[PDB]
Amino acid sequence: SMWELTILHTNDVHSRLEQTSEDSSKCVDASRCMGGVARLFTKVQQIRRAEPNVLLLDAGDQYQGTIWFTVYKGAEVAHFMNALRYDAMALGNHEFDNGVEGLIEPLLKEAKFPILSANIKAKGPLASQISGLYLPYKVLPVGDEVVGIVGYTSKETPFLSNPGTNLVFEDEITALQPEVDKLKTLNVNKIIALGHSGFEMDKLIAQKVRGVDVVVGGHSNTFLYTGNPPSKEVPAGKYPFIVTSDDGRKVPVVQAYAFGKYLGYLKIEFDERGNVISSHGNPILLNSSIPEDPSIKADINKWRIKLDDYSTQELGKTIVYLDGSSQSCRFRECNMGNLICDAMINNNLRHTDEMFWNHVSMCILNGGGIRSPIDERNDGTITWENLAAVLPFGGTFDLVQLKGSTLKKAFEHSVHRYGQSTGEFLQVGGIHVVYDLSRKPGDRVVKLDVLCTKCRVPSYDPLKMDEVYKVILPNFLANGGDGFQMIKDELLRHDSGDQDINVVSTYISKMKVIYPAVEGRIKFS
């Protein structure tokens, strides 16, 4: 006999509860808007009504991304994931943004579906407090069968969030294998690994973890597609991505990009012993052709009311596209990057009573901290909401005194694994950097000119290794985030500065009309 399972899946929704523009920014032209829970619901229901055996799965990073999360703090996530009748979720690295308390009380206690992570181990007083609220696996009934779903979360989570020192993030493969074996001994022949580690780790899992039939991932924002893709996202491989396992089997790996723009859709065809005979599908583009469900939309609008406080007051206006996309800001100079740094610099110079930092002209900004673009087409209005999506962490723009040799080392770190859309890539201000990627990591920086401080007229002179420089940057980087160990360890002074979003709102309010360009601050050769 045969048994067909349809896996529906989302990942990295990032609090895009409402429908959004093509590029994930705030929705304005509703006729061309995409995604959102209301639209998703409609599509999920069409599938549920057509297919008898269906599972709806999330692979983490529902938390953090828009004012939805700033205001409702995870309660919106639980509430609307419950309304969509999610079958399971894997804990993501952003689910630990508001601490463990901020995971437990809004989400884990209010979610009506199992929330999973096998490689997160609770220790000390936390263990008994959190016992049962998340699980390593869940065995779900699906018709006359059962499907084991085993959870995992990125080992990078303690460096990217706030899980605390009571949670230990074990290696995924080590953590998973006993759980998958345990399931086998419980006569569970169909096993899905749902987790939040990235496409590369998902592939390793499929290869290395005996017993796993399917891997449904997230974290890396990977778009997979079989055929001609329906939008601007460039596929990284076929959907499903077939990994050939060490134990001689074809294991489908899947992911569904990000921002609720696509619903992932995989039909698995199983035998009576839970082996994958075949699988096919593609991620479904959630566009205007799919109507928003009326009930969910009405419910969204009810919850929306509280949020409209953050959209009312126009801070200012842009007359250019503010390119805060991952694809620009992690790979090259992006004008949103330049806007944010110029604001960091400018706002700091307002504090004239402070003697030490009032000629600071140099800025570095982790591109991965830039989380949304802003559109210029509705008279390019900029509200607080628009700004919250760009900078959703709520950190500070701190001030550091760094040696020249430290900065060279940071800019070397900035491109040490270039090509993988990682967040360490540095947007800059008062700095003209030139990379040669043909060279090896640790020696990719061929030119690094910075603005002189001890000079009457500021010009760009070469960074000297033994000179000392004053730089403005996010506290995340100052605290040694994004693997910038050299900053934390080699900084000479570190002063806590102003709140990130306030700095950029204050700047925009001051300027009225903004038009940041790409000027050749970061060049390649």
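In this text, residue numbers run from 1 along the sequence as written.
Legend entry - Stretch with the greater mean C-alpha B-factor as recorded in the entry, comparing 489-497 against 48-56: Mean C-alpha B-factor is greater for 489-497.
Legend entry - Segment of higher mean CA temperature factor, 220-228 or 412-420: Of 412-420 and 220-228, the stretch with the higher C-alpha B-factor average is 412-420.
Legend entry - Out of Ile340, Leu407, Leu116, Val139, highest CA B-factor residue: Comparing C-alpha B-factors across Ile340, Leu407, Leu116, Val139, the maximum falls on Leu407.
Legend entry - Residue of maximum C-alpha B factor among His351, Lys267, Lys184, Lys261, per deposited coordinates: Highest CA B-factor of the listed options: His351.
Legend entry - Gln62 CA temperature factor, ranked by third within the chain: Bottom third by C-alpha B-factor.
Legend entry - Among modelled residues of the same chain, the CA temperature factor third for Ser509: For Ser509, the deposited C-alpha B-factor lands in the highest third.
Inset, instruction - Compare the C-alpha B factor of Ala478 with those of the other modelled residues in its chain, then answer lowest, middle or highest third. - result: Highest third of the chain for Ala478's C-alpha B-factor.
Inset, instruction - Grab the CA temperature factor for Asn166 from the record and place it in the lowest, middle or highest third of its chain. - result: According to the entry, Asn166 has a C-alpha B-factor in the chain's highest third.
Inset, instruction - Could you tell me which third, lowest, middle or highest, the C-alpha B-factor of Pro252 occupies within its chain? - result: Bottom third by C-alpha B-factor.
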